[PDB]
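# Descriptive analysis of the structure
Next come the chains, spelled out residue by residue.
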Number of protein chains: 6
Amino acid sequence: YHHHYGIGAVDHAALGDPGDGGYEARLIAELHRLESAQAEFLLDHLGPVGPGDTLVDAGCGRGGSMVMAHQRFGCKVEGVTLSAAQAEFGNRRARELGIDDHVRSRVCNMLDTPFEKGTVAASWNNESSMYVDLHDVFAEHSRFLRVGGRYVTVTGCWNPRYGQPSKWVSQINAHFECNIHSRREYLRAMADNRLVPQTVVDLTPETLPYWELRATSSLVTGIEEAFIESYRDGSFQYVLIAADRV
Amino acid sequence: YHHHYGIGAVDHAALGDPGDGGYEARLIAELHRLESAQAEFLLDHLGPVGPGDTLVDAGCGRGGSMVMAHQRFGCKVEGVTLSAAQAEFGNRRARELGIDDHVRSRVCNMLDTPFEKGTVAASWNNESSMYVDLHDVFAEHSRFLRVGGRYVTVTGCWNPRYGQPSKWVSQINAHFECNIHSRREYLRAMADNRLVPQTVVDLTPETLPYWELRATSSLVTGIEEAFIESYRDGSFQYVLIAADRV
Amino acid sequence: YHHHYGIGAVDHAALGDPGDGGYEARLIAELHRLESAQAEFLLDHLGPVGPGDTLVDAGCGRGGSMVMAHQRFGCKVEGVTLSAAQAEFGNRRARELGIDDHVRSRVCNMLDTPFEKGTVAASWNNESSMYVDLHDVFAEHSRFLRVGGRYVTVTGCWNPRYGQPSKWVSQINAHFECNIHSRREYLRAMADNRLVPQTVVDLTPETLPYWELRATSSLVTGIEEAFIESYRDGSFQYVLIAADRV
Amino acid sequence: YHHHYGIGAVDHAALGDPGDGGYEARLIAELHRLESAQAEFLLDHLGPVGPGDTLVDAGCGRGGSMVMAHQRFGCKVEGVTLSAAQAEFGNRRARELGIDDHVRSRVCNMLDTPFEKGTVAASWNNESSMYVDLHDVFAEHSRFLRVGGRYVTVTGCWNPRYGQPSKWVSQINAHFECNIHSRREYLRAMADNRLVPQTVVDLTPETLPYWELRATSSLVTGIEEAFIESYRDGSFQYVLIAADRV
Amino acid sequence: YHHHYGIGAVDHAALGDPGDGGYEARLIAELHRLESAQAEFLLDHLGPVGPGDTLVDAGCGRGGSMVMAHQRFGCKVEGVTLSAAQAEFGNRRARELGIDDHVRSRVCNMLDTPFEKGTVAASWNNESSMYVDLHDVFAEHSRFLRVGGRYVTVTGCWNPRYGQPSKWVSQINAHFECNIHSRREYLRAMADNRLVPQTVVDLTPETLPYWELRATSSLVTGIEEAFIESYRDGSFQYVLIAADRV
Amino acid sequence: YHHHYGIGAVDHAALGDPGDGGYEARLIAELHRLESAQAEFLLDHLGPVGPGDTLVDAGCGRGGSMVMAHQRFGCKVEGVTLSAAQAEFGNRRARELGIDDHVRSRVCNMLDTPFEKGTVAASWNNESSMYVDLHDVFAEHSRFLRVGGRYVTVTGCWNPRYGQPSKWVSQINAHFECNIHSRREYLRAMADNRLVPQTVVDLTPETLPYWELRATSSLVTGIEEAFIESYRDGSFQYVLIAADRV
C-alpha cells in the first residue's frame with residue numbers, strides 16, 4: 001500500500017512462528033504498521049493544521065498519507081504524482097471512503113504544480129525528494145506555501161561526513177533510477193528557498209528494523225542489502241526535516 | 001556556577017516545603033541539576049570523541065562544561081572567554097581536580113582563536129552565540145574543526161515564523177547587551193560555513209520549567225518574565241543544533 | 001503630526017523664556033520645524049519627479065510627507081500604513097486640502113503592495129524601515145519602481161563598526177517593538193535588490209539637537225536617553241540613503 | 001597502462017582477422033592508441049607551457065600523461081594519486097627513462113596538495129574528477145595555479161538537459177564507487193573558483209568507438225554497456241573543458 | 001546585408017586581380033560568404049530544431065539569420081531589434097520570399113520581449129550581446145526558453161587572462177558605443193541564469209582573415225585596426241558559446 | 001604634480017587677464033589648488049587617524065597625498081605604484097622634507113601588497129581604482145585594513161541609471177587604457193568585501209569647473225571633452241565613497 005518506509009521496533013511477538021502459513025501475512029502487516037508509524041510521525045510535524053487549511057503531498061503514491069492527514073486534521077489534501085494509475089486508485093479510494101470532497105490526487109510534476117502562491121498551509125515529500133532537483137522542488141513548495149507555513153520531508157540522504165556517496169548509495173540510485181542527495185544539499189537548498197528547519201532528526205536507527213525484517217520476507221527486491229549496509233556504516237541515513245516557510 | 005540554562009521537569013518533591021529555611025538552597029540546587037542535564041544533553045551530541053581528541057568551548061564561562069566533557073571522554077578541552085576572572089577560576093578549579101593538564105581556559109575572543117586549522121574534533125557555543133556575529137563565529141569554528149568534526153550549539157533564537165523579533169526578545173537583548181539571532185540566521189550561517197545540521201531540536205518546552213522556577217527564587221534579575229512570555233507565545237525559542245564540519 | 005524625526009540646529013531665540021506659559025507650545029513647534037526640514041531634505045533626494053509621476057510612501061503615518069511631496073512636485077502620491085486611523089486621517093486631510101485626487105493613503109503591508117511592476121517613479125521609507133525585513137522591503141520597492149527610479153530612506157541604524165548592537169539600540173527596539181538594522185545590512189540588502197546608493201549621508205550630528213530638545217519637553221516618552229547616548233558614543237546613527245533602481 | 005579512456009575512430013585494418021591468435025593483442029594496442037590520442041588532445045589545450053614551468057596531474061594513475069607532458073614540453077611535472085603502487089611504478093618508470101629529475105608522482109589527496117600558491121603553470125584532472133567534490137578540487141587547482149594559468153579536465157558527466165542522472169550513470173557510479181557530476185556542476189564550480197572555460201568540447205561521438213571496441217575484448221569488466229547506452233541516449237557525455245585561472 | 005562578422009579562410013582565387021574594376025564587388029561578396037559561413041556555424045549549434053518550434057533572434061538586424069534558420073529547419077522565427085527600419089526591411093524581405101507567415105521582426109528591447117515563458121525552443125545573440133547587460137539578457141532568454149532549450153551566442157569578448165580590457169577593446173567600445181564583456185562575465189552570467197555551456201569555441205583565428213580582408217576594402221570604417229591588433233595580441237577574442245537551458 | 005583631479009569653484013579673480021604672459025602659470029596653479037582641495041576632502045573622510053597609525057595609498061603617483069596625510073595626522077604612510085620613477089621621486093621628496101622615516105613609496109601591484117593582515121588604520125584609491133578589478137582591490141584593502149578601519153575612494157564611474165557606458169566613458173577608457181566601472185559595481189564589490197559605505201557623495205558638479213578650466217589651458221590632452229560632456233549628460237560621475245572595514 002505505502003510507497004514510503006517504516007520506523008519503530010519490530011513486534012516479534014506479533015510475527016509469531018516463521019513456520020506458520022500465515023507468517024508472511026503477519027510480516028507484511030508488520031511492515032505496514034511500521035510505515036503507518038512513519039507517516040504518523042511525519043504528520044506530528046505539520047503543525048496545528050485545521051479543517052479549513054489545504055495540504056499538499058508531493059509524490060503522493062497511492063494517497064495513503066493524504067487519507068491519514070484528512071482523518072487527523074479534517075482539512076483539504078491535494079496530492080501530486082506522475083502515475084495515472086496511482087492517482088486513479090487514490091481517488092477511487094477517497095470516493096469509497098466518502099472523503100473525495102476533501103482528498104484528491106492528480107497527475108502532475110511536483111516542480112510545476114497548479115496551486116496558487118501562498119495558499120497552502122503545509123506540504124511534504126515523503127520518500128519522493130530523492131527523485132528531483134532539491135532547489136527546484138523546495139522553490140516550488142516555498143512558492144505555494146503561505147508565509148508561516150510548514151514543510152516536512154522524510155528521506156534517505158548520503159552523509160557528507162564520510163565524503164562522496166558510497167557504492168551502496170549508488171546501488172540504490174541505480175535500482176530506483178533516482179538521485180539521492182547529500183544531507184548538505186538538503187540544508188543548503190532549504191536555506192536558499194526561505195525554508196528554515198525547526199526539526200532535523202536522524203531516524204536511521206529507527207528504520208533499520210523495518211529493512212532487516214523486509215530482507216527476510218518474500219517482498220525482497222534485492223536492494224535491501226544496500227540499505228542495511230549503508231545505514232550501518234553511516235554513509236546513508238534516514239532523516240525527517242520539518243521547516244518553516246519564512 | 002553555570003552560565004547557561006537548564007532543561008527538564010522540576011522535581012517538586014525535592015524542593016519540599018517553601019516555608020523551610022533551606023528551600024532556597026534546594027531550589028538553587030534544582031536549577032543547577034537542570035543546567036547539568038542541559039550540558040549533558042549537549043555532550044550527547046558531540047559524537048564519539050576520544051582521549052586523544054581536542055575539544056573547544058567558545059564562551060566557556062567558569063569551565064563547568066569543559067570539566068564535564070573531560071570526565072566523560074577523557075580528552076583535552078580548550079576554553080575561551082573574555083573574562084580573566086572566569087578563566088582564572090576555571091583553571092584553579094582544574095588544578096584542584098588534577099586535570100589542568102587536560103582542561104584549560106584562556107582569555108581570548110572566540111572570533112580569532114589560537115587553535116590551528118583542522119585540529120579540533122568537536123566544539124560548541126553553549127548560550128554564548130547570541131553575543132557574536134554568527135557567520136564570523138561559525139567561520140572560525142569551521143576553520144579549526146577537522147573535516148568530519150562536530151559542532152554543537154544550544155541557544156535562544158527568535159522565531160522568524162512570527163516575523164521580526166518581539167519586544168520580549170529586545171528586552172532580553174537590552175538586559176544582557178546581546179544580539180539574539182533568528183533561527184533563519186543560524187541555519188543560513190551554518191550552510192555558508194560548511195556546517196551541516198545533523199540534529200535540530202526545539203527545547204523550549206523543556207527549558208520553561210527552569211525559568212518558571214527561577215522566577216520564584218531570590219535569584220531573579222528581572223528578566224525571567226521576558227523569557228517565559230516569549231517562550232510561551234512562540235516568538236523566542238531554545239534550541240540545540242548539532243552539525244558536521246564537511 | 002509627523003512620525004519621523006528632525007534635523008537642523010535649534011532656534012533657541014524662537015523658544016524664548018522657558019518660564020513663559022507658551023514655551024511648551026513654541027518647543028513643539030520647533031520640533032515640528034526640524035521634522036519638516038527632515039522631510040524636505042528627503043524630498044531633495046527624490047530626483048526630478050514630475051506632475052505625471054507616481055510616488056510611494058511606505059509607512060506613511062499621517063501622510064504629511066505625501067502632502068509635502070505633492071505640493072512640491074504636483075505628482076500623484078500613494079501611501080501605505082497598517083493603521084486604519086492614520087490612513088483615514090491622511091485622506092480626510094487630503095480632501096480638506098482639495099488634493100485627495102492626487103494623494104491617498106491605504107491600509108496595507110509595505111511588503112506586498114498593490115502597485116504594478118515598474119510604475120512608480122520614486123519611493124521611500126522615512127523612519128519606517130526599522131520595523132521590517134530589509135531584503136523583503138527593498139525587493140518590493142525594487143519591484144514597483146521603474147528602472148531608473150529613485151528610492152530614499154532616512155533611518156536609524158546601528159553602526160557595525162563598533163560590533164554588535166549596543167544596549168541603547170536594544171532599548172529602542174524594546175520601546176517601539178522594532179528591529180533596528182546595522183548599516184551593513186542596509187547596504188547589502190540594497191545591492192541584492194538592484195538598488196544603487198547615489199548618496200549616503202550620516203545625519204547624526206544634525207538630529208542630535210532635536211532629541212536633546214525633546215528630552216526637555218513634556219513630550220518625553222522615556223526613550224530619548226537611549227537615542228542621545230547611542231548617537232553620542234557612535235553605536236547608533238541617523239542616515240539618509242538615496243539609491244537608483246537599476 | 002592508462003587509467004583514462006580514448007577518442008578517435010578505430011583502425012579496423014590494423015585489428016585484422018578476429019580469428020588470429022594475436023587479435024586480442026592488436027586490440028589492446030588499438031585501445032592504447034586511442035587513449036594516447038586522448039592524452040595528446042588534452043595536452044593540446046594546456047597552452048604554451050615551457051621548460052621552466054611546473055605542471056600538476058591530479059589523479060595521475062601510472063604517470064603516463066606526465067611522461068607525455070615532459071617529453072612534449074620539457075617542463076617539470078608533479079603527479080598526485082592515492083595509490084602507493086601507482087606512484088611507485090610511475091617513479092620507477094621515470095627513473096628508467098632518465099627523467100625522474102623532471103617527473104615525479106607522490107601519494108597525496110588532490111584536495112590538499114603541497115604545491116605553493118600561484119606556482120603551477122597548468123594542471124589537469126583526466127578521468128579523475130568524477131571521484132571528488134568539484135568545488136573543492138577546483139578551489140585547490142585555483143590555489144596553486146598562477147594567475148593566467150591553464151586548467152584542463154577530460155571527464156564523463158551526466159547531461160542536465162535530460163534531468164536527473166539516468167540508471168546507466170548510477171550503474172557507473174556503483175561500479176567505480178565514484179560520483180559522476182552533471183555538466184551544470186562542472187561549469188558552476190569553475191565559475192565559483194575563478195576558472196573561466198576557454199574551450200568546452202563534447203567528445204562523446206569520439207569516445208564511443210573506443211568503448212564498443214572494448215566491449216568485444218577480453219578486457220570487459222561488465223560496465224561497458226552502461227557507458228555505451230548512456231553515451232547513445234545522451235544522458236551521459238564525455239567532455240574536455242580547458243579553462244584559464246583569472 | 002549582415003550585421004555580424006565572418007569566419008573561414010579567404011578565397012583569394014575568387015578575389016582575382018585587385019586591378020579589375022570588379023575587384024571591390026568580388027571582395028564584398030567574399031566578406032558576405034564568410035559571414036554566411038558564420039551564421040551557418042551558429043545554426044549548427046541550435047540542436048535538432050523542428051518545423052513546429054519557435055526560434056528567437058535577439059538583435060536580429062536585417063533578419064538574414066532568421067531567413068537562414070527557417071529555410072534550414074522550416075520552423076517559426078521571431079526577431080527583435082530596436083531599429084524600425086531594420087524590422088521593416090526584414091519583414092518586407094520575408095513577404096517577398098513568401099515566408100512572412102514563419103519569419104517576423106519587431107521593434108522591441110531584447111531585455112523585455114513579449115514571448116511567453118518556456119515557449120521558445122532555441123534562441124541567440126549574434127554579435128548583439130556586447131550592447132547589453134549579460135545577466136539581464138541571459139535572464140530573459142532563460143525565461144522564454146523551454147527547459148532543455150538551446151541558447152547560442154557568437155560574440156567578441158575581452159580575455160580576462162591578460163587582465164583588464166586593452167585600449168583596442170575600449171576603442172571598439174567607443175566606435176560602436178557598446179560595452180564588450182570579458183569572457184569571465186559570459187560564463188558567470190550563464191551559470192547564474194540556468195544556462196549550461198555545451199560548446200565553447202574560440203573562433204579568433206577563423207575571423208582574422210575576414211577583418212584583414214575588410215581592412216583592404218572601401219568598406220573600412222577605421223575600426224578594423226583595433227579588431228585585428230587585439231585579436232592578434234590575445235586581449236580580444238571571437239567566440240561561440242552554445243548552452244542548454246536547464 | 002598631482003595625478004588625481006580637483007573640486008571646487010574656480011577663482012577667476014586669481015586667474016586675472018588671459019592676455020598676461022603669466023596667465024598660464026596662474027591657471028596651472030589654480031588647477032593645483034583645486035586638486036589639493038580634493039585630496040584634503042578625501043582626508044576629511046579617513047576618520048581620526050593618529051601618529052601611531054599606518055595609512056596606505058594605493059596608486060599613490062608622486063606621493064603628494066601621502067605627504068599631506070602625514071603633515072595632517074603625523075602618522076606613517078605607505079604608498080604603492082607601478083612606476084619606479086614615481087616611487088623614486090616621492091621618496092626623494094620625502095627625504096628632502098625630512099619625513100622619509102614616516103612616508104615611503106614602493107613599486108608594487110595594489111592587488112598583492114606586502115602589508116600584514118589587519119595592520120592598516122585607513123587606506124584609499126584616489127583616481128586609481130578605474131584601472132583594476134574592484135572585487136580584487138577591495139579584497140586586498142579589506143585584508144590589510146584593521147577591523148574598524150576606514151577605506152576611501154575618489155573615482156569616476158559610469159552611471160548605471162542611464163544603462164550601459166556611454167561613448168564618452170569608452171573614449172576615456174581608450175585614452176588612459178583603463179576600465180571605468182559603474183557605480184553599481186563599486187557598491188557591490190564593497191558589500192562583498194566587508195566594506196560598508198559611511199558616506200557616498202556625488203562630486204560631479206564640484207569637479208566640472210576644474211575640467212572646463214583645464215580645457216582652456218595648454219595642458220589639454222584632448223580628453224577633456226569626453227569628461228565634460230559625460231559629466232553633463234549624467235552618464236559619467238565623480239564620487240567619493242568612505243567605507244568602514246567591518
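This deposited entry lists X-ray crystallography as its structure determination method and 2.20 Å as its resolution.

Each partner contributes to the interface: chain D provides 20 residues, whereas chain E provides 20 residues. Across the interface of chain D and chain E, roughly 2000 Å² is buried in total on both sides, 50% from carbon and sulfur atoms. Considering only the side of chain D, the residues that lose the most area to chain E are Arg 161, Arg 184 and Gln 198 of chain D, jointly responsible for 27% of the buried surface there. Our count for the contact surface shared by chain D and chain E stands at 4 salt bridges. Taken together, the connections running from chain D to chain E amount to 17 residue pairs in polar contact. Within the residue set of the side of chain D that touches chain E, elements represented by two or more residues are α7 (183-191), β6 (195-202) and β7 (236-245) of chain D. Broken down by element, the residue count for the side of chain D that touches chain E peaks at 6 residues, all from β6 of chain D.

A separate point is the relation of the copies chain D and chain E. In this structure, two copies of a chain are linked by a rotation about an axis accompanied by a shift along it. Structural alignment of chain D on chain E gives an RMSD of 0.0 Å, achieved by rotating through 180 degrees and translating 0.0 Å along the axis. Taken together, the rotation and translation relating the two chain copies correspond to the operation of a two-fold axis. Residues of chain D ranked by C-alpha distance from the rotation axis are headed by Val 200 of chain D, positioned 2.3 Å from it. With an isologous cut-off of 70% or more, the 100% of interface residues of chain D that recur at the interface of chain E puts this contact in the isologous class.

Residue and element names in this part refer to chain C. One can describe the packing of helix α6 (residues 167-176) onto helix α9 (residues 224-233) by two numbers: an axis separation of 9 Å at closest approach and a directional angle of 150 degrees. With respect to α9, the element α6 is oriented roughly antiparallel. Every pair of crossing elements has a handedness; the one defined by α6 and α9 is left-handed. Residues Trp 168, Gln 171, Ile 172 and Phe 176 of α6 touch α9, and the partners they reach there are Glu 225, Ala 226, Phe 227, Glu 229, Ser 230 and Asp 233. Residues that form the contact of α6 with α9 fall into these classes: 5 nonpolar, 2 polar and 3 charged.

Contacts between the two partners involve 20 residues from chain A, matched on the other side by 20 residues from chain B. A buried area of about 2000 Å², summed over both sides, lies between chain A and chain B, and 49% of it is on carbon and sulfur atoms. Of all residues in chain A, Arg 161, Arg 184 and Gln 198 of chain A give up the largest surface area on contact with chain B, accounting jointly for 27% of the area buried on that side. Taken together, the links from chain A to chain B amount to 4 salt bridges. In this structure, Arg 188 of chain A engages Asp 192 of chain B in a salt bridge whose closest nitrogen and oxygen atoms are separated by 2.9 Å. Remark: the boundary between chain A and chain B carries 17 residue pairs in polar contact. Of all the secondary-structure elements, those providing two or more residues to the side of chain A that touches chain B are α7 (183-191), β6 (195-202) and β7 (236-245) of chain A. Considering each element in turn, the side of chain A that touches chain B owes the most residues, 6 residues, to β6 of chain A. By residue class, the composition of the side of chain A that touches chain B is 7 nonpolar, 5 polar and 8 charged.

Residues and elements named next belong to chain E. With 22 residues, helix α2 (residues 23-44) should reach 32 Å at 1.5 Å per residue; the first-to-last C-alpha distance of 31 Å fits that figure. Taken as a whole, α2 has its buried residues at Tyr 23, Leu 27, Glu 30, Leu 31, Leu 34, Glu 35, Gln 38, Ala 39, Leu 42 and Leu 43. In this structure, the buried residues of α2 make contact with α1 (12-15), α3 (64-73), β4 (120-126), β5 (145-158), α8 (204-214) and β7 (236-245).

We now examine the packing of helix α2 (residues 23-44) of chain C against helix α8 (residues 204-214) of chain C. All names here are of chain C. Their axes nearest at 10 Å, the elements α2 and α8 cross at an angle of 160 degrees. As the angle between them shows, α2 and α8 are arranged roughly antiparallel. For the element pair α2 and α8, the recorded crossing hand is left-handed. In this structure, α2 contributes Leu 27, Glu 30, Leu 31, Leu 34 and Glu 35 to the contact, and α8 contributes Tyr 210, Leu 213 and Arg 214. The residue inventory of the contact of α2 with α8, partitioned by class, reads 5 nonpolar, no polar and 3 charged.

What follows concerns the pattern of salt bridges. Counted under the stated rule, the structure contains 90 salt bridges over all chains. The salt bridge involving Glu 212 of chain C is made with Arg 232 of chain C; its shortest N-O contact spans 2.6 Å. With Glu 212 of chain C in helix α8 and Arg 232 of chain C in helix α9, this pair connects stretches of sequence that are 20 residues apart. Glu 212 of chain C sits in the partly exposed class, given a relative accessible area of 32%. Residue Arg 232 of chain C is classed as exposed on the basis of its relative accessible area of 52%. Salt bridges here are not isolated pairs; linked through shared partners, they connect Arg 188 and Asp 192 of chain A together with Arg 188 and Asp 192 of chain B.

Right, let's talk about the relation of the copies chain A and chain B for a bit. The transformation that overlays chain A on chain B combines an axial shift of 0.0 Å with a rotation of 180 degrees, and the residual RMSD is 0.0 Å. In this assembly, 100% of the residues forming the interface of chain A have copies in chain B that are likewise at the interface, indicating an isologous arrangement.

Further remarks concern the pairing of strand β4 (residues 120-126) of chain B. Residue and element names in this part refer to chain B. Extensive coverage of β4 is indicated by the burial of 7 of its 7 residues. Looking at chain direction, strand β1 (residues 54-58) and β4 are connected through 4 bridges and run parallel. Note on β4: the bridge partner recorded for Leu 55 is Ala 122. In this structure, β4 lies alongside strand β5 (residues 145-158), joined through 6 bridges in parallel fashion. Paired with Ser 123 across the strands is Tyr 151, a residue of β5. Each parallel crossover has a hand, and the one from β4 via helix α5 (residues 134-144) to β5 is right-handed.

Here the focus is the environment of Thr 207 of chain F. Residue and element names in this part refer to chain F. Tracing the chain through its elements places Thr 207 in helix α8 (residues 204-214). The spatial distance from the C-alpha of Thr 207 to the C-alpha of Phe 236 is 12 Å, given a sequence separation of 29 residues. If we skip the residues at most four places from it in the chain, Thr 207 touches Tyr 5, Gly 6, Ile 7, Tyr 231 and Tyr 238.

Conventions used here
- Residues numbered from 1 in each chain as written, not as in the entry; some residues may be left out.
- Chains lettered and ligands numbered in written order.
- Heavy atoms only, no water.
- Contact = heavy atoms within 4.5 Å.
- Buried area = accessible area lost by both parts, 1.4 Å probe.
- Salt bridge = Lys/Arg side-chain N within 4 Å of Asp/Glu carboxyl O.
- Polar contact = N/O pair within 3.5 Å; in protein donor to acceptor, adjacent residues only side chain to side chain.
- Helix = DSSP H or I, 4+ residues; strand = E, 2+ residues; numbered from the N terminus.
- Least-squares fit on C-alpha atoms.
- Axes fitted to C-alpha atoms, helices over the stretch in contact; angles between N-to-C directions.
- Parallel < 35°, antiparallel > 145°, perpendicular 65-115°, else oblique.
- Left-handed = near helix turned anticlockwise from the far one by under 90°.
- Nonpolar A, V, L, I, M, F, W, Y, C, P; charged D, E, K, R; others polar.
- Expected span 1.5 Å × (residues − 1).
- Buried < 20%, exposed > 50% of the residue type's maximum accessible area, 1.4 Å probe, protein only.
- Pairing = 2+ DSSP bridges.
- Right-handed = clockwise from strand over helix to strand, strands pointing away.

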